[PDB]
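Residue numbers (my numbering): 2 to 135.
What follows is a short report on a single structure.
Right under this line is the structure:
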(Lines of atoms letter the chains of each structure in order from A; the text may use other names.)
(Lines give C-alpha, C1' and ligand atoms only; values in the text may rest on other atoms or scores of the structure.)
Protein backbone atom coordinates (compact mmCIF):
# COMPACT_ATOMS: atom_id res chain seq x y z
CA UNK A 2 0.00 0.00 0.00
CA UNK A 3 1.70 3.02 -1.38
CA UNK A 4 -0.27 5.71 0.37
CA UNK A 5 1.10 8.62 2.35
CA UNK A 6 -0.72 11.14 4.49
CA UNK A 7 0.28 14.65 5.41
CA UNK A 8 -0.93 17.03 8.07
CA UNK A 9 -3.00 19.92 6.81
CA UNK A 10 -2.19 23.49 7.69
CA UNK A 11 -4.87 26.04 8.45
CA UNK A 12 -5.48 28.49 5.65
CA UNK A 13 -6.31 32.02 6.70
CA UNK A 14 -5.29 35.45 5.42
CA UNK A 15 -3.59 34.00 2.35
CA UNK A 16 -2.72 37.46 0.98
CA UNK A 17 -1.87 38.98 4.39
CA UNK A 18 0.55 36.19 5.34
CA UNK A 19 2.02 36.14 1.83
CA UNK A 20 2.65 39.88 2.04
CA UNK A 21 4.64 39.34 5.25
CA UNK A 22 6.82 36.68 3.55
CA UNK A 23 7.60 39.11 0.72
CA UNK A 24 8.90 41.51 3.38
CA UNK A 25 11.50 38.94 4.55
CA UNK A 26 12.72 38.38 0.97
CA UNK A 27 13.73 42.04 0.82
CA UNK A 28 15.49 41.64 4.18
CA UNK A 29 17.92 39.00 2.78
CA UNK A 30 18.49 41.38 -0.11
CA UNK A 31 19.49 44.07 2.42
CA UNK A 32 21.85 41.83 4.45
CA UNK A 33 23.86 40.66 1.42
CA UNK A 34 26.81 38.29 1.83
CA UNK A 35 29.90 38.32 -0.33
CA UNK A 36 33.54 37.51 0.31
CA UNK A 37 36.10 40.09 -0.71
CA UNK A 38 39.82 40.11 -1.56
CA UNK A 39 40.39 37.79 1.41
CA UNK A 40 39.38 34.77 -0.63
CA UNK A 41 39.44 36.50 -3.97
CA UNK A 42 43.14 36.89 -3.31
CA UNK A 43 44.10 33.62 -4.92
CA UNK A 44 40.66 32.18 -5.51
CA UNK A 45 39.32 35.33 -7.20
CA UNK A 46 38.52 33.40 -10.39
CA UNK A 47 37.85 30.09 -8.63
CA UNK A 48 34.53 31.11 -7.12
CA UNK A 49 32.51 32.10 -10.14
CA UNK A 50 29.15 30.71 -9.03
CA UNK A 51 27.48 29.64 -5.79
CA UNK A 52 24.22 31.64 -5.46
CA UNK A 53 26.36 34.31 -3.86
CA UNK A 54 23.61 36.90 -3.79
CA UNK A 55 22.63 37.83 -7.33
CA UNK A 56 20.29 34.88 -7.75
CA UNK A 57 18.89 35.01 -4.20
CA UNK A 58 18.00 38.70 -4.42
CA UNK A 59 16.50 38.04 -7.86
CA UNK A 60 13.96 35.72 -6.22
CA UNK A 61 13.03 38.49 -3.78
CA UNK A 62 12.64 40.78 -6.79
CA UNK A 63 10.05 38.38 -8.25
CA UNK A 64 7.99 38.87 -5.10
CA UNK A 65 8.30 42.64 -5.65
CA UNK A 66 6.64 42.57 -9.10
CA UNK A 67 3.86 40.25 -7.83
CA UNK A 68 2.71 42.45 -4.96
CA UNK A 69 3.62 45.97 -6.06
CA UNK A 70 2.62 45.41 -9.69
CA UNK A 71 4.14 48.74 -10.71
CA UNK A 72 7.13 50.09 -12.60
CA UNK A 73 9.41 48.89 -9.81
CA UNK A 74 9.59 45.55 -11.63
CA UNK A 75 11.35 47.34 -14.53
CA UNK A 76 13.88 48.87 -12.12
CA UNK A 77 14.60 45.33 -10.86
CA UNK A 78 15.76 44.27 -14.36
CA UNK A 79 18.26 47.16 -14.47
CA UNK A 80 19.66 46.06 -11.09
CA UNK A 81 20.62 42.64 -12.52
CA UNK A 82 22.53 44.24 -15.39
CA UNK A 83 25.80 45.66 -14.03
CA UNK A 84 29.46 45.88 -15.03
CA UNK A 85 32.23 44.97 -12.58
CA UNK A 86 35.93 44.66 -13.44
CA UNK A 87 35.33 46.17 -16.87
CA UNK A 88 33.15 43.21 -17.78
CA UNK A 89 29.47 42.58 -17.33
CA UNK A 90 27.69 40.05 -15.12
CA UNK A 91 27.78 37.75 -18.17
CA UNK A 92 31.58 37.57 -18.25
CA UNK A 93 31.84 37.53 -14.48
CA UNK A 94 30.11 34.19 -14.16
CA UNK A 95 33.08 32.21 -15.43
CA UNK A 96 36.82 32.12 -15.05
CA UNK A 97 39.23 32.92 -17.81
CA UNK A 98 42.94 32.09 -17.91
CA UNK A 99 43.48 35.48 -19.51
CA UNK A 100 42.06 37.07 -16.40
CA UNK A 101 44.02 34.75 -14.10
CA UNK A 102 47.30 35.93 -15.60
CA UNK A 103 46.20 39.56 -15.39
CA UNK A 104 45.25 39.22 -11.72
CA UNK A 105 48.64 37.74 -10.79
CA UNK A 106 50.41 40.52 -12.72
CA UNK A 107 48.29 42.97 -10.78
CA UNK A 108 49.06 43.57 -7.14
CA UNK A 109 46.93 44.33 -4.13
CA UNK A 110 46.88 48.04 -4.88
CA UNK A 111 45.59 47.14 -8.35
CA UNK A 112 42.96 44.93 -6.80
CA UNK A 113 42.03 47.92 -4.64
CA UNK A 114 40.78 49.79 -7.71
CA UNK A 115 38.96 46.61 -8.79
CA UNK A 116 37.31 46.32 -5.37
CA UNK A 117 36.27 49.92 -5.90
CA UNK A 118 34.25 48.82 -8.90
CA UNK A 119 32.57 46.58 -6.37
CA UNK A 120 32.18 49.49 -3.90
CA UNK A 121 30.17 51.59 -6.36
CA UNK A 122 28.23 48.43 -7.31
CA UNK A 123 27.19 48.14 -3.62
CA UNK A 124 26.07 51.78 -3.74
CA UNK A 125 23.71 50.97 -6.65
CA UNK A 126 22.22 48.23 -4.49
CA UNK A 127 21.59 50.89 -1.83
CA UNK A 128 19.79 52.96 -4.48
CA UNK A 129 17.14 50.23 -4.65
CA UNK A 130 17.45 50.10 -0.85
CA UNK A 131 15.87 53.57 -0.58
CA UNK A 132 12.76 52.04 -2.11
CA UNK A 133 11.45 51.52 1.41
CA UNK A 134 11.85 55.12 2.49
CA UNK A 135 9.46 56.21 -0.23
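Note that beta-carbon positions come from the ideal geometry of N, C-alpha and C, so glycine has one too.
Item                                                                                                                                       : Value
Would you mind stating whether residue 29 and residue 61 have Cβ atoms separated by less than 8 Å?                                         : yes
Of all the alpha helix (DSSP H) runs that stay within the bounds of the segment 53-81, which reach a length of 4 or more residues?         : 55-69, 73-81
Just list the residues that DSSP pairs residue 85 with in beta bridges.                                                                    : 88
Going by DSSP in three states, residue 18 sits in which element: helix, strand or coil?                                                    : helix
Tell me the rounded alpha-carbon separation between residue 36 and residue 83.                                                             : 18 Å
Pair every Cβ in the segment 87-101 with every Cβ in the segment 45-52, then say whether three or more of these pairs are closer than 8 Å. : yes
Could you give the distance in angstroms between the alpha-carbon of residue 101 and the alpha-carbon of residue 9?                        : 54 Å
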